Amino acid sequence: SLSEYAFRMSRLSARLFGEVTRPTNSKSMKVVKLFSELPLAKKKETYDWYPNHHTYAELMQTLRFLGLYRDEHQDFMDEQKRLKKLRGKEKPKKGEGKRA
Amino acid sequence: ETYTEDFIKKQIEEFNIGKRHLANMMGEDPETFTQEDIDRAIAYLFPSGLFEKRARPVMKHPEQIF
Amino acid sequence: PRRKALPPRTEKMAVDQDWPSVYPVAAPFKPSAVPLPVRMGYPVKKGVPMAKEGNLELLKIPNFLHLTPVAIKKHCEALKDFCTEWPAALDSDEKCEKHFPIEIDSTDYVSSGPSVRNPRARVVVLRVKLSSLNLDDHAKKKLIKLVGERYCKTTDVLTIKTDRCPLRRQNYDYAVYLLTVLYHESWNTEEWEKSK
Amino acid sequence: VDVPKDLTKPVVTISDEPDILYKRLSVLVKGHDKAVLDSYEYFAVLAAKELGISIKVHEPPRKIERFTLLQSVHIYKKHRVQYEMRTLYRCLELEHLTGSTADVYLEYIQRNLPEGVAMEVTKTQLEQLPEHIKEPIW
Amino acid sequence: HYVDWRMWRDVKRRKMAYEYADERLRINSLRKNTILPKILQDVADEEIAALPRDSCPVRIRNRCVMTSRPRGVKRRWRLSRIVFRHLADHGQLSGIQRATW
Amino acid sequence: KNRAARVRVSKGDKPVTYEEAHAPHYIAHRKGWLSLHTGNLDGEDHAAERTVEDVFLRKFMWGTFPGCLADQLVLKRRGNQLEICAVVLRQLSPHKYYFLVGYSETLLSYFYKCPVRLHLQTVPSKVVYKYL
Amino acid sequence: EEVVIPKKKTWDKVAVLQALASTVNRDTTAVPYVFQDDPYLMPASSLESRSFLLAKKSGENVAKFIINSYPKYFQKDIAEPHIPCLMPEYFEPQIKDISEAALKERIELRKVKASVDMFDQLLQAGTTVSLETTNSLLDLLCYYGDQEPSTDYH
Amino acid sequence: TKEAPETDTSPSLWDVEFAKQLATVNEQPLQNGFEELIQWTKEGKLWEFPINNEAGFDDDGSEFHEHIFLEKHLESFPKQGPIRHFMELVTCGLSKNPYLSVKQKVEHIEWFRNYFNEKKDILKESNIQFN
Ligand SMILES: [Mg+2]
Ligand SMILES: [Mg+2]
């Protein structure tokens with residue numbers, strides 16, 4: 001719906017501003033979009049969604065063994081596990097469960 | 001929280017000394033430093049956006065506080 | 001015997017001291033160093049706002065004790081040696097437009113965190129009035145059709161916004177490149193233009 | 001009595017390269033606390049006057065973002081808790097200053113940016129026409 | 001040391017999706033157009049379908065980073081509604097408050 | 001009945017601090033925030049990362065100064081600086097406070113790759129606002 | 001008409017901070033800045049003034065000992081621009097081959113014993129060791145006297 | 001005095017250690033808050049002001065024309081046909097991508113060049129000649 005003058009003027013502006021110069025349908029224009037941005041899996045919000053739970057847990061476990069961090073929750077779990085041994089409720093050995 | 005007269009007499013001595021310190025911080029004459037200047041200086045030095053004004057920083061004469 | 005805490009050093013301060021030396025830089029509120037009987041906190045019934053000692057509400061405030069009017073005036077006196085003088089000939093905006101027809105806009109973002117990066121800082125905006133360019137009747141007509149909506153007839157300003165390069169210096173060099181190829185193509189006359 | 005005798009001043013070198021000319025510097029600060037922006041405005045304005053910079057101030061309209069969440073950990077859909085984040089603004093507009101004056105002023109007020117306050121500084125630079133554009137090739 | 005096994009599976013999915021992102025992107029570009037021959041696009045369909053299942057980004061789930069709750073999560077903070085409220089209601093989230101109007 | 005962050009009435013023998021004595025609906029009205037950063041402002045990013053860091057710092061300090069903290073931490077961020085303001089008691093010897101300050105500041109600086117500072121204000125006892 | 005643009009002024013990255021620092025003097029009511037500004041933590045004598053700083057430096061040594069002992073906990077780099085001075089240090093040689101290039105690594109790390117052993121084995125094998133490297137080994141032995149430099153903990 | 005210095009002099013252990021003894025004679029604790037900021041700035045811990053969001057990040061010294069003009073990298077592909085049309089859309093999208101370095105953009109283009117070489121037989125069936 002454009003004159004030959006307008007069509008040639010639009011192709012000229014596309015070459016100067018670095019747009020697609022050949023006639024391309026809407027489907028094929030998805031190729032331009034795909035390479036004009038980062039894939040979702042490559043965005044920092046995606047691959048760094050979680051904090052490294054291994055680092056935090058391992059660091060604070062080490063600091064506790066070094067005597068520099070007091071883990072009240074872990075101390076609570078240790079006391080409960082100690083009193084369960086005295087009560088006879090101890091974890092069985094692998095392969096030596098109640099079902100053998 | 002009962003407040004004796006010897007306690008209020010000490011609070012007034014602190015307010016007069018602190019009033020001359022505040023005038024010294026803002027570079028104003030300690031003699032003509034009014035309560036309106038105190039409220040303005042405190043709002044600048046300790047900016048608080050709390051909606052309730054009664055919860056914002058205040059430096060008033062003890063007679064107006066206790 | 002247990003360790004007895006010393007009395008606060010505000011009791012040693014003179015009312016005519018140099019306060020900027022006490023709070024030279026931004027620091028949290030310290031009751032033992034601020035000689036003001038300031039109180040804060042919504043009081044209980046027939047009570048008073050809590051004193052400053054152990055007052056967490058005064059600790060939450062970003063105080064300006066390091067920026068008293070006395071300190072600011074001494075700071076600015078030492079920063080004058082770093083400044084340069086604006087040209088007196090450029091007295092009005094119309095006079096700046098005459099000698100400097102191009103305007104370049106860029107933005108810097110200051111946030112808090114470990115990383116200073118911000119993708120919005122790469123954007124560059126170049127503005128120029130076509131009246132400032134050496135354009136004849138044909139060139140100005142062809143330039144307006146090439147840029148499209150980048151030109152505003154009301155203001156007669158051409159706005160070129162570039163942000164496809166990672167850096168700002170690259171988007172700036174690209175904005176100048178675009179203005180250069182647009183200017184030289186507007187002066188060039190093709191044969192298909194005769195069919196207008 | 002125990003005062004320094006002579007003070008070493010930082011070395012400021014006058015270069016041979018021309019300086020940048022800024023038509024405008026639009027300093028937009030954002031925060032949650034209006035009183036903190038009031039104190040920062042007073043500080044920034046007083047700093048600009050002492051350095052001889054022409055500055056204007058205005059307050060863009062605030063923004064309040066609200067969202068809704070369930071109140072119970074389980075069921076009870078018709079009971080919600082609503083939260084909001086208030087963003088207050090203050091715009092310092094400085095005009096007709098060189099690049100050296102802008103670097104000193106911005107460094108001074110950016111270092112003293114209170115916690116919880118962000119800044120977006122838009123700089124409008126004045127440039128001359130590139131030499132290739134002053135005339136057509138033919 | 002992740003919250004549960006379901007979070008650990010999502011951690012591995014995000015890692016594998018990141019490693020194959022470039023390859024999947026390049027193969028998908030061959031499929032998302034009407035320019036290349038069908039014979040070449042049919043081969044590209046088989047190639048991307050042969051990649052590991054956990055490289056597909058649609059299998060990633062935005063779970064609460066502290067409790068692994070798979071729903072009711074606010075994307076901006078990556079927290080479930082319950083954990084978010086706990087921090088907000090104790091004044092530990094900068095600038096967040098209860099809304100009344 | 002609402003429960004969130006409410007110290008419930010008792011027999012008049014429970015001391016509560018100013019922060020503990022105010023329910024959530026008083027945030028921004030009678031009490032401020034315990035952390036200040038730009039992450040939650042309109043158009044700002046990285047709010048999720050700042051939040052995880054805050055949660056960790058509070059647990060780290062609680063277990064690093066066991067039985068010493070007399071109030072919640074105040075976390076402040078300016079530029080890439082991190083300031084931690086804590087109100088502690090006067091039971092530990094000063095030598096141990098200086099050790100823990102030098103230790104925690106150094107460890108946190110290397111963990112979050114930023115200059116961290118810890119400001120301590122000591123009190124003889126937990127400041128009581130009221131007895132619920 | 002012509003306008004004269006002023007010449008640009010340049011300064012170092014700390015010049016502005018140094019200009020502001022020149023405006024303040026020492027606070028006579030305070031203890032040195034290195035101490036915690038708190039009436040309970042301030043040193044009350046010349047003995048505490050010395051021991052409080054040694055306790056703080058001791059805590060910094062313990063933190064560095066942990067950072068260098070468990071470097072994998074401190075390798076997540078979130079800083080931009082990068083801060084090299086906040087990364088773990090690696091004092092162990094990473095080249096396990098027996099050659100000249102492997103000896104030069106143990107000389108830079110100042111491993112007196114390992115460097116001598118690497119030199120003996122390298123020499124018994126008959127391989128040539130450059131003169132510049134032989135001198136770089138004497139500089140290490142002649143300086144520390146064939147003894148291992150001090151470390152944090154073994 | 002020595003008119004010409006030895007710029008390339010090796011830092012022997014005796015010279016590196018004597019330079020540390022000269023850093024100890026001026027070793028004093030920080031006297032105030034400004035000196036702590038100055039020290040952190042020299043060490044690189046503290047940001048430099050005024051803030052530059054691109055500080056310490058130059059994309060390999062690349063010029064704008066290296067990101068925007070990528071047709072020089074399509075010299076190995078056919079000059080006409082569907083493969084040229086397809087690669088002009090790839091390079092068009094890559095020239096608008098500010099999140100990739102020039103090195104990464106070439107990696108994309110190099111991948112397609114190798115991919116179309118392995119599919120030469122399939123392309124010949126469709127009357128397309130890729131090298
Ligand atoms: Mg899904
Ligand atoms: Mg209800």
# chains A, B, ... in the order shown; residues from 1 in each chain; ligands from 1
$ residues_around --residues "stretch 108-116 of chain D" --least-positions-apart "6" --cutoff "6 Å" --atoms "only C-alpha atoms" --output "ChimeraX atom specification"
/C:62 /F:36-38,77-78
$ residues_near_ligand --ligand "ligand 1" --cutoff "8 Å" --atoms "only C-alpha atoms and all ligand atoms" --output "list in words"
residues 58, 59, 60, 61 and 62 of chain E
$ closest_atom_pairs --of "chain E" --to "chain A" --cutoff "7 Å" --atoms "only C-alpha atoms" --output "CSV"
residue,atom,partner,partner_atom,distance
E:1,CA,A:54,CA,5.3
E:2,CA,A:53,CA,5.5
E:14,CA,A:47,CA,5.5
E:15,CA,A:47,CA,6.5
E:17,CA,A:41,CA,5.8
E:18,CA,A:41,CA,5.2
E:21,CA,A:41,CA,6.1
E:29,CA,A:31,CA,5.4
E:32,CA,A:28,CA,6.4
E:33,CA,A:28,CA,4.0
E:34,CA,A:28,CA,5.8
E:57,CA,A:41,CA,6.3
E:65,CA,A:50,CA,5.5
$ write_last_selection --atoms "N, CA and C atoms" --output "PDB file, in the first residue's frame"
ATOM      1  N   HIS E   1      22.350 -29.786  50.734  1.00  0.00           N
ATOM      2  CA  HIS E   1      21.931 -28.826  51.792  1.00  0.00           C
ATOM      3  C   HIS E   1      20.837 -27.884  51.303  1.00  0.00           C
ATOM      4  N   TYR E   2      20.199 -28.232  50.191  1.00  0.00           N
ATOM      5  CA  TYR E   2      19.030 -27.486  49.762  1.00  0.00           C
ATOM      6  C   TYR E   2      17.816 -27.914  50.578  1.00  0.00           C
ATOM      7  N   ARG E  14      17.996 -25.864  36.264  1.00  0.00           N
ATOM      8  CA  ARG E  14      18.512 -24.548  35.903  1.00  0.00           C
ATOM      9  C   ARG E  14      19.957 -24.629  35.431  1.00  0.00           C
ATOM     10  N   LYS E  15      20.746 -25.541  36.003  1.00  0.00           N
ATOM     11  CA  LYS E  15      22.131 -25.694  35.575  1.00  0.00           C
ATOM     12  C   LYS E  15      22.215 -26.286  34.173  1.00  0.00           C
ATOM     13  N   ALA E  17      19.819 -26.293  31.867  1.00  0.00           N
ATOM     14  CA  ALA E  17      19.235 -25.358  30.912  1.00  0.00           C
ATOM     15  C   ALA E  17      20.221 -24.261  30.539  1.00  0.00           C
ATOM     16  N   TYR E  18      21.075 -23.853  31.480  1.00  0.00           N
ATOM     17  CA  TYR E  18      22.068 -22.830  31.180  1.00  0.00           C
ATOM     18  C   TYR E  18      23.152 -23.365  30.252  1.00  0.00           C
ATOM     19  N   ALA E  21      21.666 -23.665  26.579  1.00  0.00           N
ATOM     20  CA  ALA E  21      20.872 -22.541  26.090  1.00  0.00           C
ATOM     21  C   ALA E  21      21.332 -22.094  24.707  1.00  0.00           C
ATOM     22  N   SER E  29      16.409 -21.396  15.990  1.00  0.00           N
ATOM     23  CA  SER E  29      16.370 -20.401  14.926  1.00  0.00           C
ATOM     24  C   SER E  29      16.179 -21.053  13.563  1.00  0.00           C
ATOM     25  N   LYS E  32      12.334 -21.752  13.391  1.00  0.00           N
ATOM     26  CA  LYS E  32      11.402 -20.628  13.494  1.00  0.00           C
ATOM     27  C   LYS E  32      11.547 -19.670  12.319  1.00  0.00           C
ATOM     28  N   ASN E  33      11.272 -20.155  11.113  1.00  0.00           N
ATOM     29  CA  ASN E  33      11.315 -19.315   9.926  1.00  0.00           C
ATOM     30  C   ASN E  33      10.727 -20.093   8.761  1.00  0.00           C
ATOM     31  N   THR E  34      10.385 -19.363   7.699  1.00  0.00           N
ATOM     32  CA  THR E  34       9.872 -19.951   6.470  1.00  0.00           C
ATOM     33  C   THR E  34      10.854 -19.798   5.315  1.00  0.00           C
ATOM     34  N   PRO E  57      13.694 -25.160  29.085  1.00  0.00           N
ATOM     35  CA  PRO E  57      13.447 -24.148  30.125  1.00  0.00           C
ATOM     36  C   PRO E  57      12.029 -24.147  30.680  1.00  0.00           C
ATOM     37  N   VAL E  65      12.973 -19.535  47.656  1.00  0.00           N
ATOM     38  CA  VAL E  65      14.384 -19.858  47.838  1.00  0.00           C
ATOM     39  C   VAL E  65      14.714 -20.243  49.274  1.00  0.00           C
TER      40      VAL E  65
END
$ residues_near_ligand --ligand "ligand 2" --cutoff "12 Å" --atoms "only C-alpha atoms and all ligand atoms" --output "list in words"
residues 70, 71, 72, 76, 77, 78, 79, 80 and 81 of chain D; 1, 2, 3 and 4 of chain F
$ interface_residues --of "chain C" --to "chain D" --cutoff "7 Å" --atoms "only C-alpha atoms" --output "ChimeraX atom specification"
/C:62,72-73,76,80,82-86,100-111,134,180,183-184,187
$ interface_residues --of "chain E" --to "chain D" --cutoff "8 Å" --atoms "only C-alpha atoms" --output "ChimeraX atom specification"
/E:81-82,94-100
$ write_last_selection --atoms "N, CA, C and O atoms" --output "PDB file, in the first residue's frame"
ATOM      1  N   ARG E  81       4.664 -16.271  49.915  1.00  0.00           N
ATOM      2  CA  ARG E  81       3.866 -15.284  50.633  1.00  0.00           C
ATOM      3  C   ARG E  81       4.079 -15.389  52.138  1.00  0.00           C
ATOM      4  O   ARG E  81       4.110 -14.372  52.839  1.00  0.00           O
ATOM      5  N   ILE E  82       4.244 -16.607  52.653  1.00  0.00           N
ATOM      6  CA  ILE E  82       4.379 -16.791  54.096  1.00  0.00           C
ATOM      7  C   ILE E  82       5.715 -16.240  54.581  1.00  0.00           C
ATOM      8  O   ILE E  82       5.777 -15.501  55.568  1.00  0.00           O
ATOM      9  N   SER E  94      13.317  -3.430  53.539  1.00  0.00           N
ATOM     10  CA  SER E  94      13.465  -1.987  53.398  1.00  0.00           C
ATOM     11  C   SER E  94      12.305  -1.384  52.613  1.00  0.00           C
ATOM     12  O   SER E  94      12.045  -1.775  51.472  1.00  0.00           O
ATOM     13  N   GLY E  95      11.609  -0.433  53.231  1.00  0.00           N
ATOM     14  CA  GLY E  95      10.606   0.356  52.548  1.00  0.00           C
ATOM     15  C   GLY E  95       9.252  -0.298  52.374  1.00  0.00           C
ATOM     16  O   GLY E  95       8.351   0.338  51.816  1.00  0.00           O
ATOM     17  N   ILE E  96       9.071  -1.535  52.826  1.00  0.00           N
ATOM     18  CA  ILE E  96       7.805  -2.246  52.685  1.00  0.00           C
ATOM     19  C   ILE E  96       7.001  -2.064  53.964  1.00  0.00           C
ATOM     20  O   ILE E  96       7.543  -2.178  55.069  1.00  0.00           O
ATOM     21  N   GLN E  97       5.709  -1.779  53.814  1.00  0.00           N
ATOM     22  CA  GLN E  97       4.829  -1.499  54.938  1.00  0.00           C
ATOM     23  C   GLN E  97       3.430  -2.003  54.612  1.00  0.00           C
ATOM     24  O   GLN E  97       3.127  -2.363  53.473  1.00  0.00           O
ATOM     25  N   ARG E  98       2.574  -2.031  55.630  1.00  0.00           N
ATOM     26  CA  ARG E  98       1.169  -2.350  55.412  1.00  0.00           C
ATOM     27  C   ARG E  98       0.492  -1.212  54.659  1.00  0.00           C
ATOM     28  O   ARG E  98       0.800  -0.037  54.870  1.00  0.00           O
ATOM     29  N   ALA E  99      -0.437  -1.566  53.778  1.00  0.00           N
ATOM     30  CA  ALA E  99      -1.104  -0.603  52.911  1.00  0.00           C
ATOM     31  C   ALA E  99      -2.502  -0.316  53.444  1.00  0.00           C
ATOM     32  O   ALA E  99      -3.314  -1.233  53.595  1.00  0.00           O
ATOM     33  N   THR E 100      -2.777   0.955  53.726  1.00  0.00           N
ATOM     34  CA  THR E 100      -4.113   1.412  54.085  1.00  0.00           C
ATOM     35  C   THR E 100      -4.429   2.660  53.277  1.00  0.00           C
ATOM     36  O   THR E 100      -3.627   3.599  53.242  1.00  0.00           O
TER      37      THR E 100
END
$ interface_residues --of "chain C" --to "chain H" --cutoff "12 Å" --atoms "only C-alpha atoms" --output "number ranges by chain"
C: 20-27, 66, 106-123, 162-178
$ closest_atom_pairs --of "chain G" --to "chain F" --cutoff "12 Å" --atoms "only C-alpha atoms" --output "tab-separated table"
residue	atom	partner	partner_atom	distance
G:34	CA	F:98	CA	10.6
G:35	CA	F:98	CA	8.7
G:36	CA	F:120	CA	7.2
G:37	CA	F:120	CA	8.2
G:38	CA	F:121	CA	6.2
G:39	CA	F:122	CA	8.0
G:40	CA	F:122	CA	6.6
G:41	CA	F:94	CA	5.7
G:42	CA	F:94	CA	8.5
G:43	CA	F:94	CA	8.9
G:44	CA	F:94	CA	11.0
G:47	CA	F:95	CA	11.9
G:48	CA	F:95	CA	8.8
G:49	CA	F:95	CA	10.8
G:50	CA	F:95	CA	10.8
G:51	CA	F:95	CA	7.5
G:52	CA	F:95	CA	5.8
G:53	CA	F:98	CA	7.5
G:54	CA	F:99	CA	8.4
G:55	CA	F:99	CA	4.9
G:56	CA	F:99	CA	4.5
G:57	CA	F:102	CA	6.4
G:58	CA	F:99	CA	6.3
G:59	CA	F:103	CA	4.2
G:60	CA	F:103	CA	4.8
G:61	CA	F:103	CA	7.6
G:62	CA	F:103	CA	6.6
G:63	CA	F:103	CA	5.3
G:64	CA	F:106	CA	7.5
G:65	CA	F:107	CA	10.0
G:66	CA	F:107	CA	8.4
G:67	CA	F:107	CA	7.4
G:68	CA	F:110	CA	10.7
G:70	CA	F:111	CA	11.7
G:71	CA	F:110	CA	10.1
G:72	CA	F:111	CA	10.5
G:73	CA	F:111	CA	7.6
G:74	CA	F:111	CA	5.3
G:75	CA	F:111	CA	8.0
G:76	CA	F:111	CA	7.7
G:77	CA	F:113	CA	6.7
G:78	CA	F:113	CA	6.6
G:79	CA	F:113	CA	5.7
G:80	CA	F:113	CA	9.2
G:81	CA	F:113	CA	10.3
G:82	CA	F:113	CA	8.6
G:83	CA	F:113	CA	7.1
G:84	CA	F:113	CA	9.4
G:85	CA	F:110	CA	8.9
G:86	CA	F:110	CA	5.1
G:87	CA	F:110	CA	6.4
G:88	CA	F:110	CA	7.9
G:89	CA	F:110	CA	11.2
$ write_last_selection --atoms "C-alpha atoms" --output "tab-separated table (two decimals), in the first residue's frame"
chain	number	residue	atom	x	y	z
G	34	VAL	CA	40.88	2.53	65.49
G	35	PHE	CA	39.06	1.89	68.78
G	36	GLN	CA	35.33	1.34	69.15
G	37	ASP	CA	33.73	4.66	70.10
G	38	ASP	CA	31.82	3.34	73.10
G	39	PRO	CA	32.36	4.08	76.82
G	40	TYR	CA	32.55	0.36	77.63
G	41	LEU	CA	34.84	-0.60	74.72
G	42	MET	CA	37.15	2.42	74.74
G	43	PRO	CA	40.62	1.71	76.16
G	44	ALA	CA	41.03	3.15	79.65
G	47	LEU	CA	47.89	-1.29	78.44
G	48	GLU	CA	44.37	-1.75	77.08
G	49	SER	CA	45.21	0.64	74.24
G	50	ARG	CA	47.78	-1.96	73.15
G	51	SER	CA	45.88	-5.17	73.91
G	52	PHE	CA	42.56	-4.10	72.35
G	53	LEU	CA	44.28	-3.60	68.99
G	54	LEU	CA	46.12	-6.92	69.31
G	55	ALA	CA	42.81	-8.67	70.03
G	56	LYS	CA	41.25	-7.08	66.94
G	57	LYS	CA	44.25	-8.00	64.79
G	58	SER	CA	44.07	-11.53	66.21
G	59	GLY	CA	40.46	-11.81	65.06
G	60	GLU	CA	41.46	-10.65	61.58
G	61	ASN	CA	44.19	-13.30	61.46
G	62	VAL	CA	41.70	-16.01	62.42
G	63	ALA	CA	39.36	-14.86	59.65
G	64	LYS	CA	42.15	-14.87	57.06
G	65	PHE	CA	43.26	-18.29	58.30
G	66	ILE	CA	39.74	-19.59	57.64
G	67	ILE	CA	39.45	-17.86	54.26
G	68	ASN	CA	42.73	-19.39	53.07
G	70	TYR	CA	38.46	-23.08	53.00
G	71	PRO	CA	38.75	-20.93	49.86
G	72	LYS	CA	35.78	-22.56	48.13
G	73	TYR	CA	33.42	-20.73	50.51
G	74	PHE	CA	34.73	-17.32	49.38
G	75	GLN	CA	34.95	-17.71	45.59
G	76	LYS	CA	31.52	-16.31	44.63
G	77	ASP	CA	32.43	-12.92	43.14
G	78	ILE	CA	29.45	-10.55	43.16
G	79	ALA	CA	31.47	-7.32	43.12
G	80	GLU	CA	31.57	-5.01	40.10
G	81	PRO	CA	34.23	-3.76	39.47
G	82	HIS	CA	36.21	-6.81	40.59
G	83	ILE	CA	38.07	-6.45	43.89
G	84	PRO	CA	41.26	-8.56	43.73
G	85	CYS	CA	42.14	-7.78	47.37
G	86	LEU	CA	39.00	-9.56	48.67
G	87	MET	CA	39.67	-12.98	47.12
G	88	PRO	CA	41.30	-16.00	48.80
G	89	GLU	CA	45.04	-16.51	48.46
$ interface_residues --of "chain G" --to "chain H" --cutoff "7 Å" --atoms "only C-alpha atoms" --output "list in words"
residues 13, 14, 17, 21, 32, 33, 34, 81, 83, 139 and 140 of chain G
$ write_last_selection --atoms "N, CA and C atoms" --output "short mmCIF file (atom, residue, chain, number, x, y, z; two decimals), in the first residue's frame"
data_model
loop_
_atom_site.label_atom_id
_atom_site.label_comp_id
_atom_site.auth_asym_id
_atom_site.auth_seq_id
_atom_site.Cartn_x
_atom_site.Cartn_y
_atom_site.Cartn_z
N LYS G 13 41.92 9.87 42.16
CA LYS G 13 40.65 9.32 42.64
C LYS G 13 40.43 9.56 44.13
N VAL G 14 41.42 10.04 44.86
CA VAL G 14 41.29 10.32 46.29
C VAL G 14 41.47 11.80 46.60
N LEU G 17 38.44 13.35 48.53
CA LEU G 17 38.44 12.91 49.92
C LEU G 17 39.56 13.57 50.71
N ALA G 21 39.24 15.97 53.99
CA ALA G 21 39.98 15.60 55.19
C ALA G 21 40.81 16.76 55.72
N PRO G 32 41.78 7.27 69.82
CA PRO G 32 42.11 7.09 68.40
C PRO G 32 40.99 6.39 67.64
N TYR G 33 40.92 6.67 66.34
CA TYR G 33 39.82 6.20 65.51
C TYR G 33 39.76 4.68 65.42
N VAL G 34 40.88 3.98 65.63
CA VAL G 34 40.88 2.53 65.49
C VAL G 34 40.06 1.84 66.57
N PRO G 81 33.09 -3.06 40.08
CA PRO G 81 34.23 -3.76 39.47
C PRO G 81 34.83 -4.82 40.38
N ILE G 83 37.19 -6.86 42.80
CA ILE G 83 38.07 -6.45 43.89
C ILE G 83 39.09 -7.55 44.13
N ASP G 139 68.80 -16.33 46.16
CA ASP G 139 68.15 -15.20 46.80
C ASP G 139 67.15 -15.65 47.85
N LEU G 140 66.45 -16.76 47.60
CA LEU G 140 65.48 -17.26 48.57
C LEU G 140 66.16 -17.95 49.74
#
